[PDB]
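K.L.:
dropping in the first section of the assembly, placed as in the complex:
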Amino acid sequence: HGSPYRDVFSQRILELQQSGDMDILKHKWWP
Amino acid sequence: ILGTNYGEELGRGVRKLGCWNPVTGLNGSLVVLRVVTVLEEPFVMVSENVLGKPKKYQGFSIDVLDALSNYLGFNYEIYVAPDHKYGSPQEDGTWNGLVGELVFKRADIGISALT
């Protein structure tokens, strides 16, 4: 509850989805 | 001030265009587009994938853009739409897919098979 690392995590989650680095992971555990 | 000219009749050469001095001055008269796209072969097809994301796009829509680009003489960059959605009426709020990127202005043009 309250954290200064929250902001950079939410930014990185968007950034992984947008880069398509997140899309490789889905195929990996889910072919 | 000297200047070149050319015609088929005269060929190459040079002539006096004008003069300048500090008193009377001069005498004698002398964009990048942002493309949001949605991946769906064969309209936009990935020709080369680097770290699970396309780097070079091929297909019918990209060739049409190379014809458009040469005529207006604009250059572009292509990034993939992160949501993998084309967009359609959102009553839940904000526009998703290609349509939301243009509405909120995160691209200038959208190249896809958007009905």
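P.N.:
Looks like it arrived, so ask away. Numbers count the residues shown, from 1 in each chain, chains lettered A, B, ... in the order given.
K.L.:
quick check: residue A:1 vs residue A:21, distance?
P.N.:
From residue A:1 across to residue A:21, the span is 29 Å (C-beta to C-beta, to the nearest Å). For every residue, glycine as well, the C-beta is placed using N, CA and C.
K.L.:
which of these two has more residues huddled nearby?
P.N.:
More neighbours surround residue A:21 than the other of residue A:1 and residue A:21, with 13 against 2 (other C-beta atoms under 10 Å in any protein chain shown).
K.L.:
any idea how far chain B is from the more buried one?
P.N.:
Distance, residue A:21 to chain B, by C-beta to the nearest C-beta, to the nearest Å: 6 Å.
K.L.:
likewise residue A:4?
P.N.:
26 Å.
K.L.:
what number of residues lie near that residue?
P.N.:
Applying other C-beta under 10 Å, we find 6 residues neighbouring residue A:4.
K.L.:
looks to me like it is in a helix.
P.N.:
No - counting by DSSP: H, G, I helix; E, B strand; the rest coil, residue A:4 falls outside a helix, being coil.
K.L.:
so residue B:68, which state does it fall into?
P.N.:
Going by three-state DSSP: residue B:68 is helix.
K.L.:
could you measure the residue of chain B positioned farthest from its centre against chain A, distance?
P.N.:
In chain B, counting by C-alpha atoms, centre = their mean, residue B:23 sits farthest out from the average C-alpha position, at 45.3 Å. Distance of residue B:23 to chain A, computed by C-beta to the nearest C-beta: 62 Å.
K.L.:
next: residue B:54.
P.N.:
8 Å.
K.L.:
quick check: residue B:86 touching residue B:37?
P.N.:
No - Residue B:86 is beyond contact range of residue B:37, at 10.1 Å (criterion: C-beta atoms under 8 Å).
K.L.:
what do the two both touch?
P.N.:
B:98, B:112 (C-beta atoms under 8 Å, 6 or more residues apart in numbering or on different chains).
K.L.:
contacting residues around the nearest residue to residue B:113 once chain neighbours are set aside?
P.N.:
Leaving aside its chain neighbours, residue B:113 sits nearest to residue B:43 (5.1 Å; criterion: C-beta to C-beta, 6 or more residues apart in numbering or on different chains). Counting by C-beta under 8 Å, 6+ apart, residue B:43 touches B:59-61, B:112-113.
K.L.:
sequence for chain C below, add it please:
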Amino acid sequence: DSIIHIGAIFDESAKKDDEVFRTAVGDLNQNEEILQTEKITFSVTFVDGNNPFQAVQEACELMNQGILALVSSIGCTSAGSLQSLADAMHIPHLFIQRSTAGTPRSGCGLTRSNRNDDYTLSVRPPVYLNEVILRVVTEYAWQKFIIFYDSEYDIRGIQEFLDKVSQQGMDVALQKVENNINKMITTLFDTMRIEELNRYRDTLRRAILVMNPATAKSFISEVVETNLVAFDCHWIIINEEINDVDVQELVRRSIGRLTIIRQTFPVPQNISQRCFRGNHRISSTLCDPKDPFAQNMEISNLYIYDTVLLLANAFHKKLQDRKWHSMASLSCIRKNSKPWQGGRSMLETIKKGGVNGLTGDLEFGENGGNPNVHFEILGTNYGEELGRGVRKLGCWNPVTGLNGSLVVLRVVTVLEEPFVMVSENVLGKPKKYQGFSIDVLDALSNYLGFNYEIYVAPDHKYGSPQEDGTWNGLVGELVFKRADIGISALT
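P.N.:
With chain C added, the chains above now look like this:
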């Protein structure tokens, strides 16, 4: 009787160089180890440093009195004329370049005729401003910025930097800042509009100030007051000479991020070894950093002290090797003007000298210039807890380059495939986790540059919420703040 006599030519602005020069002669004449039986005497003349004929004439009068070496503290305008005179007369010339009004130094670019032997030794190091600034902008990944320079700055000093940024495709604007800033900015608001103004404000988000500290302080205040910059701005100020008072005032007048790059001097730390170099004792006024004079010393003043220390060691070696050549009364621009016969041997003895002083180590390379220099890089920070302030980010020197770049999270997880999956059990409990969630965590750890340790939740479940709002499991670990972050498929 004195056989050791040196001459000095100072610009009219260099009164502090004269004070330190006289103090350095005083300190050496009290040192029994160096020049054991001989006192150093001197003749000093002040000249208009923009009059090269006056500089030559007065230097010639000192040579008529008879000197072993000529020390100069002067700008580039008369430097070429003194160097060519020293070459003609065979008088060793110890040249301390002064900048005009605290402007960043640029190379003189005198291009002295190389047909004759060079009697000039350049006491201050090469100008490395262009190299240092290039390294710092590269580290910050800058691609578009503006360079603001003062009215006295020689832009040939950044020509190499401009070529390099252009080769890398950067959008680099130049602008001279007039000595009167208010008129330049006031004229700007009157002529421009909202679009243009937004564009100028964007341009001012990243800037480099190549200017004296006084102009930079005025320039920063005026743009801050007129709201042309904001908290997201990042300005770099570079100059060899910015004192601690100047640094604090620059940080105080600035909003956003400020990087300050200035020359630093690698002197001993211990209080005892501060005012001593071996057995040479330095006057307290120059070496004690709590003395008001020492804190207000110019950079040129430090080099002048070390120059006198170097000359005394050279003269000492020449007298202890039975190679002394007496000084001669020389005449300039006469029918039988002749160089000093002792000059070539004295120049070579001085050139291979080296001393530990107020600048660190003073010595000369083969090219006749001092090679030694160190820059420090300071930077602002902000939190609600600390407020405004400044700290040392790093160091730069031309040998080792840039040094110094410009928490452990407690992770609770719950095993639940395929989000959290045990890749390695050691003693029946996980060491390595893999999974959809974990791969996102390893993209987080590497990217934000944090370290972690992962432990399971006390039951590998999110648990049930106990009566009165009490939580257990993984969730209770977040509420009781017993885990920093939770990596799981937590709903």
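K.L.:
quick recheck of the neighbour count of residue A:4 now chain C is there?
P.N.:
Burial measure for residue A:4: 7 neighbouring residues, criterion other C-beta under 10 Å.
K.L.:
for residue B:86, same thing?
P.N.:
Residues near residue B:86, counting by other C-beta under 10 Å, number 17.
K.L.:
ok, the one 4 residues further on next?
P.N.:
When neighbours are defined as other C-beta under 10 Å, residue B:90 has 13 of them.
K.L.:
picking up where we left off before, next, give phi and psi for the residue farthest from the centre of chain B.
P.N.:
phi -100, psi -60 (degrees, to the nearest 10).
K.L.:
now do it against chain C, distance only.
P.N.:
According to C-beta to the nearest C-beta, residue B:23 stands 27 Å off from chain C.
K.L.:
how close does that residue get to residue B:16?
P.N.:
From residue B:23 to residue B:16 the distance is 19 Å (C-beta to C-beta).
K.L.:
next: residue B:30.
P.N.:
Distance of residue B:30 to residue B:16, given as C-beta to C-beta: 11 Å.
K.L.:
got any residues that touch both of the two?
P.N.:
residue B:1.
K.L.:
excluding sequence neighbours, find me the nearest residue to the most centrally placed residue in chain A.
P.N.:
The residue lying closest to the centre of chain A (C-alpha atoms, centre = their mean) is residue A:13, at 2.7 Å. Spatial nearest neighbour of residue A:13, excluding adjacent residues (C-beta to C-beta, 6+ apart): residue C:440 at 7.2 Å.
K.L.:
can you map out the helices along chain B?
P.N.:
B:60-72, B:97-103 (DSSP state H).
K.L.:
what's the most buried one of these?
P.N.:
Comparing the helices of chain B by mean neighbour count (mean count of other C-beta atoms under 10 Å in any protein chain shown), helix B:97-103 comes out on top with a mean of 19.
K.L.:
packing partners of that helix?
P.N.:
In terms of contacts (3 or more C-beta pairs under 8 Å, 6 or more residues apart in numbering or on different chains; DSSP states H and E), helix B:97-103 is packed against strand B:32-37, strand B:109-111.
K.L.:
by how many degrees do the first one and helix B:60-72 diverge?
P.N.:
The one in question is strand B:32-37. Put simply, strand B:32-37 runs at 170 degrees to helix B:60-72, going by axes from the mean of the first three to the mean of the last three C-alpha atoms, to 10 degrees.
K.L.:
while you're at it, add chain D from this line:
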Amino acid sequence: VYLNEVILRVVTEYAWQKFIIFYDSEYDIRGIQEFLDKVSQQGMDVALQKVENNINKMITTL
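P.N.:
Now chain D, sitting on the chains shown earlier:
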């Protein structure tokens, strides 16, 4: 020296907005400082480049 004034008038007549200034190894760029300030005030994209005395190496390296 009126080089800076003359060049400004000519670029203005041709309606130039983006260009590169190539200068020799002996040119003093303080001679165009006023021209550079003026083009910047008008929002132009102006590149500078020194041309080395040996051109082939500069272009071959390119």
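K.L.:
quick recheck of the neighbour count of residue B:86 now chain D is there?
P.N.:
Residue B:86: 17 surrounding residues under other C-beta under 10 Å.
K.L.:
my guess is it contacts residue B:101. True?
P.N.:
No - if you go by C-beta under 8 Å, residue B:86 and residue B:101 don't touch, sitting 10.5 Å apart.
K.L.:
can I get stretch B:17-37 in CSV, CA atoms only?
P.N.:
Presented in CSV, the C-alpha positions along stretch B:17-37 are these (Å, rounded to 0.1, in the frame of the first residue of the first chain):
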residue,chain,number,x,y,z
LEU,B,17,21.8,37.3,-61.9
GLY,B,18,22.2,40.4,-59.7
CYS,B,19,24.3,42.7,-57.6
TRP,B,20,24.6,43.5,-53.9
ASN,B,21,26.1,46.4,-52.0
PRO,B,22,25.6,47.6,-48.4
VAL,B,23,23.8,50.8,-49.5
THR,B,24,21.2,49.9,-52.1
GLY,B,25,21.2,46.2,-51.2
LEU,B,26,20.1,43.6,-53.7
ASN,B,27,19.5,44.7,-57.3
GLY,B,28,18.0,42.4,-60.0
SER,B,29,15.7,39.6,-58.9
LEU,B,30,17.2,36.1,-58.5
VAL,B,31,7.4,15.4,-43.0
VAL,B,32,7.5,12.1,-41.3
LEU,B,33,4.3,10.1,-40.9
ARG,B,34,3.6,7.7,-38.0
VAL,B,35,2.0,4.6,-39.1
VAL,B,36,-0.1,2.5,-36.7
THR,B,37,-0.9,-0.8,-38.4
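K.L.:
residues making contact with that stretch?
P.N.:
B:1-3, B:16, B:44, B:57, B:61, B:65, B:74-81, B:98, B:101-102, B:106-112, D:2, D:5-6, D:9-10, D:13-14.
K.L.:
swap in 7 Å and give it another go.
P.N.:
Contacts of stretch B:17-37 from elsewhere in the structure, counted by C-beta atoms under 7 Å, 6 or more residues apart in numbering or on different chains, are B:1-3, B:44, B:74-81, B:98, B:101, B:107-112, D:2, D:6, D:9-10, D:13-14.
K.L.:
buried ones in it?
P.N.:
Residues of stretch B:17-37 classed as buried: B:17, B:20, B:26, B:33, B:35-37 (neighbour count, 16 or more other C-beta atoms under 10 Å in any protein chain shown).
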